[PDB]
Structures are given as C-alpha cells and as structure tokens.
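K.L.:
Pasting coords15.csv below, which is CSV, N, CA and C atoms and all ligand atoms.
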```csv
chain,number,residue,atom,x,y,z
K,34,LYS,N,-9.9,5.0,18.7
K,34,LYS,CA,-8.6,5.3,18.1
K,34,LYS,C,-7.8,4.1,17.9
K,35,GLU,N,-7.2,4.0,16.7
K,35,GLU,CA,-6.4,2.8,16.3
K,35,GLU,C,-4.9,3.0,16.7
K,36,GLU,N,-4.4,1.9,17.3
K,36,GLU,CA,-3.1,1.9,17.8
K,36,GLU,C,-2.1,2.5,16.7
K,37,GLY,N,-1.3,3.4,17.2
K,37,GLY,CA,-0.2,4.0,16.3
K,37,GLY,C,-0.6,5.0,15.3
K,38,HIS,N,-1.9,5.1,15.1
K,38,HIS,CA,-2.3,6.0,14.0
K,38,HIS,C,-2.1,7.5,14.2
K,39,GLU,N,-2.5,8.0,15.4
K,39,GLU,CA,-2.3,9.4,15.7
K,39,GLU,C,-0.8,9.7,15.6
K,40,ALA,N,0.1,8.9,16.1
K,40,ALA,CA,1.6,9.1,16.0
K,40,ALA,C,2.0,9.1,14.6
K,41,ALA,N,1.5,8.1,13.8
K,41,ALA,CA,1.9,8.0,12.4
K,41,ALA,C,1.5,9.2,11.6
K,42,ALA,N,0.3,9.7,11.9
K,42,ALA,CA,-0.2,10.9,11.1
K,42,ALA,C,0.7,12.1,11.4
K,43,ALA,N,1.1,12.2,12.7
K,43,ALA,CA,1.9,13.4,13.1
K,43,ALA,C,3.3,13.2,12.5
K,44,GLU,N,3.9,12.0,12.4
K,44,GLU,CA,5.2,11.7,11.9
K,44,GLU,C,5.2,12.0,10.4
K,45,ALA,N,4.1,11.7,9.7
K,45,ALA,CA,3.9,11.9,8.3
K,45,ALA,C,3.9,13.5,8.0
K,46,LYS,N,3.1,14.2,8.8
K,46,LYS,CA,3.1,15.7,8.6
K,46,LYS,C,4.4,16.4,8.9
K,47,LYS,N,5.1,15.8,9.9
K,47,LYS,CA,6.4,16.4,10.3
K,47,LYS,C,7.5,16.2,9.3
K,48,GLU,N,7.6,15.0,8.7
K,48,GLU,CA,8.7,14.6,7.9
K,48,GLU,C,8.4,14.7,6.4
K,49,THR,N,7.2,15.1,5.9
K,49,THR,CA,6.9,15.2,4.5
K,49,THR,C,6.1,16.5,4.2
K,50,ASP,N,5.7,16.6,3.0
K,50,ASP,CA,4.8,17.7,2.6
K,50,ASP,C,3.4,17.4,2.8
K,51,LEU,N,3.0,16.3,3.5
K,51,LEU,CA,1.6,16.0,3.8
K,51,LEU,C,1.1,17.1,4.7
K,52,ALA,N,-0.1,17.7,4.3
K,52,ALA,CA,-0.7,18.8,5.2
K,52,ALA,C,-2.0,18.3,5.8
K,53,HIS,N,-2.7,17.5,5.1
K,53,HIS,CA,-4.0,17.0,5.6
K,53,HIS,C,-4.0,15.5,5.5
K,54,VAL,N,-4.5,14.9,6.6
K,54,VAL,CA,-4.6,13.4,6.7
K,54,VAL,C,-6.0,13.0,6.4
K,55,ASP,N,-6.3,12.2,5.4
K,55,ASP,CA,-7.6,11.6,5.1
K,55,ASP,C,-7.8,10.3,5.9
K,56,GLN,N,-6.8,9.4,5.8
K,56,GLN,CA,-6.9,8.1,6.4
K,56,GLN,C,-5.6,7.6,6.8
K,57,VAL,N,-5.5,6.7,7.8
K,57,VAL,CA,-4.3,6.0,8.2
K,57,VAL,C,-4.8,4.5,8.3
K,58,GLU,N,-4.0,3.6,7.8
K,58,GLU,CA,-4.2,2.1,7.9
K,58,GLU,C,-2.9,1.5,8.3
K,59,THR,N,-3.0,0.5,9.1
K,59,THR,CA,-1.8,-0.3,9.4
K,59,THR,C,-1.7,-1.4,8.4
K,60,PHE,N,-0.5,-1.5,7.8
K,60,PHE,CA,-0.1,-2.7,7.0
K,60,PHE,C,0.9,-3.5,7.7
K,61,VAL,N,0.6,-4.8,7.9
K,61,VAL,CA,1.6,-5.7,8.6
K,61,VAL,C,1.9,-6.7,7.6
K,62,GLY,N,3.2,-6.8,7.2
K,62,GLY,CA,3.7,-7.8,6.3
K,62,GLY,C,5.0,-8.3,7.0
K,63,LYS,N,6.1,-8.4,6.2
K,63,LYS,CA,7.4,-8.7,6.8
K,63,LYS,C,7.8,-7.6,7.8
K,64,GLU,N,7.4,-6.4,7.6
K,64,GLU,CA,7.5,-5.3,8.5
K,64,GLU,C,6.1,-4.6,8.7
K,65,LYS,N,6.0,-3.8,9.7
K,65,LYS,CA,4.8,-3.1,9.9
K,65,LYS,C,4.9,-1.6,9.5
K,66,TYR,N,3.9,-1.1,8.7
K,66,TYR,CA,3.9,0.2,8.2
K,66,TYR,C,2.6,0.9,8.5
K,67,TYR,N,2.6,2.1,8.8
K,67,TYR,CA,1.3,2.9,8.9
K,67,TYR,C,1.3,3.7,7.5
K,68,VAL,N,0.2,3.4,6.8
K,68,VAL,CA,0.1,3.9,5.5
K,68,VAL,C,-0.8,5.2,5.7
K,69,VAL,N,-0.3,6.4,5.4
K,69,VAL,CA,-1.1,7.6,5.7
K,69,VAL,C,-1.4,8.2,4.4
K,70,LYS,N,-2.7,8.5,4.1
K,70,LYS,CA,-3.2,9.0,2.8
K,70,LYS,C,-3.8,10.4,3.1
K,71,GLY,N,-3.4,11.3,2.2
K,71,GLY,CA,-4.0,12.7,2.4
K,71,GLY,C,-3.5,13.6,1.2
K,72,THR,N,-3.4,14.9,1.5
K,72,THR,CA,-3.0,15.8,0.5
K,72,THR,C,-2.0,16.8,1.1
K,73,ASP,N,-1.2,17.4,0.2
K,73,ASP,CA,-0.3,18.5,0.5
K,73,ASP,C,-1.0,19.8,0.6
K,74,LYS,N,-0.3,20.9,0.9
K,74,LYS,CA,-1.1,22.2,1.0
K,74,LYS,C,-1.7,22.7,-0.4
K,75,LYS,N,-1.1,22.2,-1.5
K,75,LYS,CA,-1.6,22.4,-2.8
K,75,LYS,C,-2.8,21.6,-3.1
K,76,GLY,N,-3.1,20.6,-2.3
K,76,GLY,CA,-4.3,19.8,-2.6
K,76,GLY,C,-3.9,18.5,-3.4
K,77,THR,N,-2.6,18.3,-3.6
K,77,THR,CA,-2.2,17.1,-4.3
K,77,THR,C,-2.2,15.8,-3.4
K,78,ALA,N,-3.0,14.8,-3.9
K,78,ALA,CA,-3.0,13.5,-3.2
K,78,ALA,C,-1.6,12.9,-2.9
K,79,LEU,N,-1.3,12.5,-1.7
K,79,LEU,CA,0.0,12.0,-1.4
K,79,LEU,C,-0.2,10.8,-0.5
K,80,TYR,N,0.7,9.8,-0.6
K,80,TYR,CA,0.7,8.6,0.2
K,80,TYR,C,2.0,8.6,1.0
K,81,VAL,N,2.0,8.3,2.3
K,81,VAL,CA,3.2,8.3,3.1
K,81,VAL,C,3.2,7.0,3.8
K,82,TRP,N,4.3,6.3,3.7
K,82,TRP,CA,4.4,5.0,4.4
K,82,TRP,C,5.4,5.2,5.6
K,83,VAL,N,4.9,5.2,6.8
K,83,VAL,CA,5.7,5.4,8.0
K,83,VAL,C,6.0,4.1,8.6
K,84,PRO,N,7.2,3.7,8.7
K,84,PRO,CA,7.6,2.5,9.4
K,84,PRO,C,7.4,2.5,10.9
K,85,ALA,N,6.9,1.4,11.5
K,85,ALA,CA,6.8,1.2,12.9
K,85,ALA,C,8.2,1.2,13.5
K,86,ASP,N,9.2,0.6,12.7
K,86,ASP,CA,10.6,0.6,13.1
K,86,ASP,C,11.2,2.0,12.9
K,87,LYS,N,11.6,2.7,14.0
K,87,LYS,CA,12.0,4.1,14.0
K,87,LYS,C,13.3,4.3,13.2
K,88,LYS,N,14.0,3.2,13.0
K,88,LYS,CA,15.3,3.3,12.2
K,88,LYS,C,15.1,3.2,10.7
K,89,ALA,N,13.9,2.7,10.2
K,89,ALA,CA,13.6,2.5,8.8
K,89,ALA,C,13.2,3.9,8.2
K,90,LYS,N,13.2,4.0,6.9
K,90,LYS,CA,13.0,5.4,6.4
K,90,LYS,C,11.5,5.5,6.0
K,91,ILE,N,11.0,6.7,6.2
K,91,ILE,CA,9.7,7.1,5.7
K,91,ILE,C,9.8,7.2,4.1
K,92,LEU,N,8.8,6.7,3.4
K,92,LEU,CA,8.7,6.9,2.0
K,92,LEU,C,7.4,7.6,1.6
K,93,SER,N,7.5,8.5,0.6
K,93,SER,CA,6.2,9.1,0.2
K,93,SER,C,6.2,9.2,-1.3
K,94,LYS,N,5.0,9.2,-1.9
K,94,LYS,CA,4.8,9.4,-3.3
K,94,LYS,C,3.5,10.1,-3.5
K,95,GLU,N,3.4,11.0,-4.5
K,95,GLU,CA,2.1,11.4,-5.0
K,95,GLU,C,1.3,10.2,-5.5
K,96,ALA,N,0.0,10.2,-5.2
K,96,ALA,CA,-0.8,9.2,-5.7
K,96,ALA,C,-0.7,9.1,-7.3
K,97,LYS,N,-0.6,10.2,-8.0
K,97,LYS,CA,-0.6,10.1,-9.4
K,97,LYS,C,0.7,9.4,-9.9
K,98,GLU,N,1.7,9.3,-9.1
K,98,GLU,CA,3.0,8.6,-9.5
K,98,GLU,C,2.9,7.1,-9.5
K,99,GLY,N,1.8,6.5,-9.0
K,99,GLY,CA,1.6,5.1,-8.9
K,99,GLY,C,0.4,4.7,-9.7
K,100,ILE,N,0.3,3.4,-10.1
K,100,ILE,CA,-1.0,2.9,-10.7
K,100,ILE,C,-2.1,3.0,-9.6
K,101,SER,N,-3.3,3.0,-10.1
K,101,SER,CA,-4.5,3.0,-9.2
K,101,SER,C,-4.7,1.7,-8.5
K,102,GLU,N,-5.5,1.7,-7.5
K,102,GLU,CA,-5.9,0.5,-6.8
K,102,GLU,C,-6.7,-0.4,-7.8
K,103,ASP,N,-7.6,0.2,-8.6
K,103,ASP,CA,-8.3,-0.6,-9.7
K,103,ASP,C,-7.4,-1.3,-10.7
K,104,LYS,N,-6.3,-0.5,-11.1
K,104,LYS,CA,-5.4,-1.1,-12.0
K,104,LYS,C,-4.6,-2.2,-11.5
K,105,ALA,N,-4.2,-2.1,-10.2
K,105,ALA,CA,-3.5,-3.2,-9.5
K,105,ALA,C,-4.4,-4.5,-9.6
K,106,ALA,N,-5.7,-4.3,-9.3
K,106,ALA,CA,-6.7,-5.5,-9.4
K,106,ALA,C,-6.7,-6.0,-10.8
K,107,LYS,N,-6.8,-5.1,-11.8
K,107,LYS,CA,-6.9,-5.4,-13.2
K,107,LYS,C,-5.7,-6.2,-13.7
K,108,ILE,N,-4.5,-5.7,-13.3
K,108,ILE,CA,-3.3,-6.4,-13.6
K,108,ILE,C,-3.3,-7.9,-13.2
K,109,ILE,N,-3.8,-8.2,-12.0
K,109,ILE,CA,-3.9,-9.6,-11.6
K,109,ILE,C,-5.0,-10.4,-12.3
K,110,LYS,N,-6.1,-9.7,-12.6
K,110,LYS,CA,-7.2,-10.3,-13.4
K,110,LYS,C,-6.7,-10.6,-14.8
K,111,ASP,N,-6.1,-9.6,-15.4
K,111,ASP,CA,-5.5,-9.8,-16.8
K,111,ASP,C,-4.4,-10.8,-16.8
K,112,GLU,N,-3.8,-11.2,-15.7
K,112,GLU,CA,-2.9,-12.2,-15.6
K,112,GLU,C,-3.5,-13.6,-15.6
K,113,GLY,N,-4.9,-13.6,-15.5
K,113,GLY,CA,-5.6,-14.9,-15.5
K,113,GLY,C,-5.5,-15.6,-14.2
K,114,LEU,N,-5.3,-14.9,-13.1
K,114,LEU,CA,-5.1,-15.6,-11.8
K,114,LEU,C,-6.3,-15.6,-10.9
K,115,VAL,N,-7.4,-14.9,-11.3
K,115,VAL,CA,-8.5,-14.6,-10.4
K,115,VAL,C,-9.8,-15.3,-10.7
K,116,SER,N,-10.4,-16.0,-9.8
K,116,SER,CA,-11.8,-16.5,-9.9
K,116,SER,C,-12.8,-15.4,-9.2
K,117,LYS,N,-12.3,-14.8,-8.1
K,117,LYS,CA,-13.1,-13.8,-7.4
K,117,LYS,C,-12.2,-12.8,-6.9
K,118,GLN,N,-12.3,-11.6,-7.3
K,118,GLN,CA,-11.5,-10.5,-6.8
K,118,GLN,C,-12.0,-10.1,-5.4
K,119,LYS,N,-11.1,-9.8,-4.5
K,119,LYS,CA,-11.5,-9.6,-3.1
K,119,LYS,C,-11.2,-8.1,-2.7
K,120,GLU,N,-10.0,-7.8,-2.3
K,120,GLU,CA,-9.6,-6.5,-1.7
K,120,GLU,C,-8.3,-6.1,-2.2
K,121,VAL,N,-8.0,-4.9,-2.1
K,121,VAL,CA,-6.6,-4.3,-2.4
K,121,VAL,C,-6.3,-3.3,-1.4
K,122,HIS,N,-5.0,-3.3,-0.9
K,122,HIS,CA,-4.5,-2.4,0.0
K,122,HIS,C,-3.2,-1.9,-0.4
K,123,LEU,N,-2.9,-0.6,-0.1
K,123,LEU,CA,-1.6,0.0,-0.3
K,123,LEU,C,-0.7,-0.7,0.8
K,124,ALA,N,0.5,-1.0,0.3
K,124,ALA,CA,1.4,-1.8,1.1
K,124,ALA,C,2.9,-1.5,0.9
K,125,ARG,N,3.8,-2.1,1.6
K,125,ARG,CA,5.2,-1.9,1.5
K,125,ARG,C,6.0,-3.1,2.0
K,126,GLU,N,7.2,-3.4,1.4
K,126,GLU,CA,8.1,-4.3,2.0
K,126,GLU,C,9.5,-3.8,1.7
K,127,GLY,N,10.3,-3.7,2.8
K,127,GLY,CA,11.6,-3.1,2.6
K,127,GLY,C,11.4,-1.8,2.1
K,128,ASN,N,12.1,-1.5,0.9
K,128,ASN,CA,11.9,-0.1,0.3
K,128,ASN,C,11.0,-0.2,-1.0
K,129,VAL,N,10.3,-1.3,-1.1
K,129,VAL,CA,9.5,-1.5,-2.3
K,129,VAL,C,8.0,-1.1,-1.9
K,130,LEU,N,7.5,-0.2,-2.7
K,130,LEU,CA,6.1,0.2,-2.5
K,130,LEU,C,5.2,-0.6,-3.4
K,131,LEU,N,4.0,-0.9,-2.8
K,131,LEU,CA,3.2,-2.1,-3.4
K,131,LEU,C,1.8,-1.9,-3.2
K,132,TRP,N,1.0,-2.5,-4.1
K,132,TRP,CA,-0.4,-2.8,-3.9
K,132,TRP,C,-0.5,-4.3,-3.6
K,133,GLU,N,-1.2,-4.6,-2.5
K,133,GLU,CA,-1.4,-6.0,-2.2
K,133,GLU,C,-2.8,-6.3,-2.7
K,134,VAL,N,-2.9,-7.2,-3.6
K,134,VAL,CA,-4.2,-7.6,-4.2
K,134,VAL,C,-4.6,-9.0,-3.7
K,135,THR,N,-5.8,-9.1,-3.1
K,135,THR,CA,-6.2,-10.4,-2.6
K,135,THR,C,-7.3,-10.9,-3.4
K,136,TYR,N,-7.4,-12.2,-3.5
K,136,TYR,CA,-8.5,-12.8,-4.4
K,136,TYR,C,-8.6,-14.3,-4.2
K,137,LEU,N,-9.7,-14.9,-4.7
K,137,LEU,CA,-9.8,-16.3,-4.8
K,137,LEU,C,-9.2,-16.6,-6.2
K,138,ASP,N,-8.2,-17.6,-6.2
K,138,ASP,CA,-7.6,-17.9,-7.5
K,138,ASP,C,-8.3,-19.0,-8.2
K,139,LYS,N,-7.7,-19.6,-9.2
K,139,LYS,CA,-8.3,-20.6,-10.1
K,139,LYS,C,-8.7,-21.9,-9.4
K,140,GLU,N,-8.0,-22.2,-8.3
K,140,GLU,CA,-8.3,-23.4,-7.5
K,140,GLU,C,-9.2,-23.1,-6.3
K,141,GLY,N,-9.8,-21.8,-6.3
K,141,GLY,CA,-10.6,-21.4,-5.2
K,141,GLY,C,-9.8,-21.0,-4.0
K,142,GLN,N,-8.5,-20.9,-4.1
K,142,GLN,CA,-7.7,-20.7,-2.9
K,142,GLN,C,-7.4,-19.2,-2.7
K,143,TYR,N,-7.6,-18.7,-1.5
K,143,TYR,CA,-7.3,-17.3,-1.2
K,143,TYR,C,-5.9,-17.1,-1.5
K,144,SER,N,-5.6,-16.1,-2.3
K,144,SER,CA,-4.2,-15.8,-2.7
K,144,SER,C,-3.9,-14.3,-2.6
K,145,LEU,N,-2.7,-13.9,-2.6
K,145,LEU,CA,-2.2,-12.5,-2.5
K,145,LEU,C,-1.2,-12.3,-3.6
K,146,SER,N,-1.3,-11.2,-4.4
K,146,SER,CA,-0.2,-10.8,-5.3
K,146,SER,C,0.2,-9.4,-4.9
K,147,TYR,N,1.5,-9.2,-5.0
K,147,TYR,CA,2.1,-7.9,-4.7
K,147,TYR,C,2.5,-7.2,-6.0
K,148,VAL,N,1.9,-6.1,-6.3
K,148,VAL,CA,2.2,-5.4,-7.6
K,148,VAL,C,2.9,-4.1,-7.3
K,149,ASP,N,4.0,-3.9,-8.0
K,149,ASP,CA,4.8,-2.6,-7.8
K,149,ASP,C,3.9,-1.4,-8.0
K,150,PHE,N,4.0,-0.5,-7.0
K,150,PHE,CA,3.2,0.7,-7.0
K,150,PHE,C,3.5,1.5,-8.2
K,151,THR,N,4.8,1.6,-8.6
K,151,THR,CA,5.2,2.5,-9.7
K,151,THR,C,5.0,1.7,-11.1
K,152,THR,N,5.6,0.6,-11.2
K,152,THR,CA,5.7,-0.1,-12.5
K,152,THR,C,4.5,-1.0,-12.9
K,153,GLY,N,3.7,-1.4,-11.9
K,153,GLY,CA,2.6,-2.4,-12.1
K,153,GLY,C,3.1,-3.8,-12.4
K,154,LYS,N,4.4,-4.0,-12.1
K,154,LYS,CA,5.0,-5.4,-12.3
K,154,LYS,C,4.5,-6.3,-11.2
K,155,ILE,N,4.1,-7.5,-11.5
K,155,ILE,CA,3.7,-8.4,-10.5
K,155,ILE,C,5.0,-8.9,-9.9
K,156,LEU,N,5.2,-8.7,-8.6
K,156,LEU,CA,6.4,-9.0,-7.9
K,156,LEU,C,6.4,-10.3,-7.2
K,157,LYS,N,5.3,-10.7,-6.7
K,157,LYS,CA,5.2,-12.0,-6.0
K,157,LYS,C,3.7,-12.4,-6.0
K,158,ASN,N,3.4,-13.7,-6.1
K,158,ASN,CA,2.1,-14.3,-6.0
K,158,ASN,C,2.2,-15.3,-4.9
K,159,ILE,N,1.4,-15.2,-3.9
K,159,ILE,CA,1.4,-16.1,-2.7
K,159,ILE,C,0.1,-16.7,-2.5
K,160,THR,N,0.1,-18.1,-2.2
K,160,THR,CA,-1.2,-18.7,-1.7
K,160,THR,C,-0.9,-19.3,-0.4
K,161,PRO,N,-1.3,-18.6,0.7
K,161,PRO,CA,-1.1,-19.1,2.1
K,161,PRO,C,-1.6,-20.5,2.4
A,201,NI,NI,-5.2,22.7,2.5
```
Show the structure stored in the file as structure tokens.

P.N.:
Amino acid sequence: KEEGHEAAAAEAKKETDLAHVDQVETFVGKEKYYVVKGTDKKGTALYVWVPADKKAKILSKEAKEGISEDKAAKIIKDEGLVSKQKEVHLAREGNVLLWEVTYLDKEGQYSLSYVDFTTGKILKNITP
C-alpha cells in the first residue's frame, strides 16, 4: 500500500462524483497532491486532485475536458524542444491543473515542461 493513497481515494469518493477508483498516484511539486483517476456512476472518466494540505481545495475534471497525455507530449515535441520523449504525468500546482511532460531536450538535458490540462498552453519549461 502506497502512503496516503487509501485516504486520498476515500476523500475523492466522499467529496466528488467519483464512484470507482482505477489508480492513485502521488504528485510532488511545489505542493503534494494525490491524483485519483476513475469513473463516476455513469462510467464517465474523471480525475480528482486531492491536496495533502487539508486546507487546500480538491479539484476534479472529466478526462474529456482536458487534452490527452499523448497530446501534452505532442505539444512539447511540436514546440521543437525534445530529443527523446520520456514520461508524462497528471499534475497540479496551486489551482492550475497540468500535464508534466519530461524529456531529454536538444542539449541532451533532462527537462520538464508543464502544459495546461485544459488549454494545452505551455506554462513553464524547466531544466533542473
Ligand atoms: Ni459503476
């Protein structure tokens, strides 16, 4: 069992329309979020981002309301930033919902770009 996941899944079902949990992942950025993926009772795919901070607000969106994980990767590739695509995770910072796209950039350096979940706008490109 992964730290915080059982609690996050229960919090997601309690406070939203999520009925079934498929996966939970911890996302740690400026803040920590448990990203809970599943479906409502209608069977609609829903994402719920539950803050570790109990004072912060839970956010949820239907999956169909955001760009896909592949599209997030494609956005960064189409931006000409990628030598080797690596991974993508659903993510959040403050009240901004995000896809975090990781890749080796044009200098071979491991880099991260944050793409807006809804708009597909590249919000930040970081090379640690
Ligand atoms: Ni059901």

K.L.:
Enumerate as an NGL selection string all residues of chain K assigned to helix (DSSP H, G or I) by DSSP on the backbone, naming them with the chain letters and numbers the document uses.

P.N.:
:K and (38-48 or 96-98 or 102-111)

K.L.:
With ligand NI 201 (chain A) as the partner and 7 Å as the cut-off, tabulate the residues of chain K that qualify, each row holding the nearest pair of atoms and their distance in Å to one decimal, using only N, CA and C atoms and all ligand atoms, sorted by chain and rising number, as a tab-separated table.

P.N.:
```
residue	atom	partner	partner_atom	distance
K:52	C	A:NI201	NI	6.4
K:53	N	A:NI201	NI	6.3
K:72	C	A:NI201	NI	6.9
K:73	C	A:NI201	NI	5.4
K:74	CA	A:NI201	NI	4.4
K:75	N	A:NI201	NI	5.7
K:76	N	A:NI201	NI	5.6
```

K.L.:
May I have the residues within 12 Å of residue 110 of chain K as a count of residues only, using only C-alpha atoms and disregarding those fewer than 2 positions away in the same chain?

P.N.:
22

K.L.:
Measuring atom to atom with only C-alpha atoms, identify which of K:109, K:51, K:142, K:152 is nearest to residue 129 of chain K.

P.N.:
K:152

K.L.:
Which of these, K:71, K:87, K:62, K:99, has the shortest distance to residue 40 of chain K once you count only C-alpha atoms?

P.N.:
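Among the listed residues, K:87 lies closest to residue 40 of chain K.
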
K.L.:
Write a file for segment 39-56 of chain K, containing N, CA and C atoms (output as a PDB file, in the first residue's frame).

P.N.:
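Wrote it out as part-v1.pdb, contents follow:
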```pdb
ATOM      1  N   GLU K  39      -4.945   5.236   0.093  1.00  0.00           N
ATOM      2  CA  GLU K  39      -6.224   4.774   0.585  1.00  0.00           C
ATOM      3  C   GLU K  39      -7.044   5.967   1.065  1.00  0.00           C
ATOM      4  N   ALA K  40      -6.433   6.869   1.851  1.00  0.00           N
ATOM      5  CA  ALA K  40      -7.109   8.069   2.357  1.00  0.00           C
ATOM      6  C   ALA K  40      -7.529   8.985   1.205  1.00  0.00           C
ATOM      7  N   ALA K  41      -6.647   9.163   0.212  1.00  0.00           N
ATOM      8  CA  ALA K  41      -6.963  10.051  -0.905  1.00  0.00           C
ATOM      9  C   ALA K  41      -8.122   9.497  -1.709  1.00  0.00           C
ATOM     10  N   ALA K  42      -8.130   8.180  -1.934  1.00  0.00           N
ATOM     11  CA  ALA K  42      -9.214   7.602  -2.718  1.00  0.00           C
ATOM     12  C   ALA K  42     -10.542   7.845  -1.985  1.00  0.00           C
ATOM     13  N   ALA K  43     -10.559   7.601  -0.678  1.00  0.00           N
ATOM     14  CA  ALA K  43     -11.789   7.791   0.108  1.00  0.00           C
ATOM     15  C   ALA K  43     -12.236   9.269   0.072  1.00  0.00           C
ATOM     16  N   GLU K  44     -11.279  10.196   0.158  1.00  0.00           N
ATOM     17  CA  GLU K  44     -11.562  11.623   0.148  1.00  0.00           C
ATOM     18  C   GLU K  44     -12.153  12.012  -1.216  1.00  0.00           C
ATOM     19  N   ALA K  45     -11.592  11.424  -2.275  1.00  0.00           N
ATOM     20  CA  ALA K  45     -12.087  11.671  -3.633  1.00  0.00           C
ATOM     21  C   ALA K  45     -13.563  11.234  -3.791  1.00  0.00           C
ATOM     22  N   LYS K  46     -13.883  10.019  -3.336  1.00  0.00           N
ATOM     23  CA  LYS K  46     -15.239   9.487  -3.444  1.00  0.00           C
ATOM     24  C   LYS K  46     -16.206  10.259  -2.558  1.00  0.00           C
ATOM     25  N   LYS K  47     -15.719  10.754  -1.419  1.00  0.00           N
ATOM     26  CA  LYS K  47     -16.576  11.467  -0.441  1.00  0.00           C
ATOM     27  C   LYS K  47     -16.969  12.851  -0.964  1.00  0.00           C
ATOM     28  N   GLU K  48     -16.003  13.539  -1.570  1.00  0.00           N
ATOM     29  CA  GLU K  48     -16.169  14.935  -1.924  1.00  0.00           C
ATOM     30  C   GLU K  48     -16.481  15.216  -3.413  1.00  0.00           C
ATOM     31  N   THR K  49     -16.558  14.174  -4.258  1.00  0.00           N
ATOM     32  CA  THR K  49     -16.864  14.374  -5.663  1.00  0.00           C
ATOM     33  C   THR K  49     -17.813  13.307  -6.144  1.00  0.00           C
ATOM     34  N   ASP K  50     -18.047  13.305  -7.455  1.00  0.00           N
ATOM     35  CA  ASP K  50     -18.880  12.321  -8.102  1.00  0.00           C
ATOM     36  C   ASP K  50     -18.131  11.047  -8.475  1.00  0.00           C
ATOM     37  N   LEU K  51     -16.861  10.940  -8.076  1.00  0.00           N
ATOM     38  CA  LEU K  51     -16.113   9.746  -8.385  1.00  0.00           C
ATOM     39  C   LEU K  51     -16.757   8.551  -7.676  1.00  0.00           C
ATOM     40  N   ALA K  52     -17.034   7.469  -8.412  1.00  0.00           N
ATOM     41  CA  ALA K  52     -17.642   6.243  -7.823  1.00  0.00           C
ATOM     42  C   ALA K  52     -16.670   5.112  -7.771  1.00  0.00           C
ATOM     43  N   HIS K  53     -15.810   5.024  -8.783  1.00  0.00           N
ATOM     44  CA  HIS K  53     -14.836   3.960  -8.867  1.00  0.00           C
ATOM     45  C   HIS K  53     -13.449   4.518  -8.993  1.00  0.00           C
ATOM     46  N   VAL K  54     -12.496   3.958  -8.244  1.00  0.00           N
ATOM     47  CA  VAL K  54     -11.084   4.373  -8.346  1.00  0.00           C
ATOM     48  C   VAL K  54     -10.330   3.335  -9.172  1.00  0.00           C
ATOM     49  N   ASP K  55      -9.676   3.810 -10.222  1.00  0.00           N
ATOM     50  CA  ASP K  55      -8.819   2.974 -11.053  1.00  0.00           C
ATOM     51  C   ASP K  55      -7.363   3.017 -10.564  1.00  0.00           C
ATOM     52  N   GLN K  56      -6.860   4.227 -10.308  1.00  0.00           N
ATOM     53  CA  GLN K  56      -5.470   4.404  -9.908  1.00  0.00           C
ATOM     54  C   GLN K  56      -5.370   5.642  -9.038  1.00  0.00           C
TER      55      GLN K  56
END
```
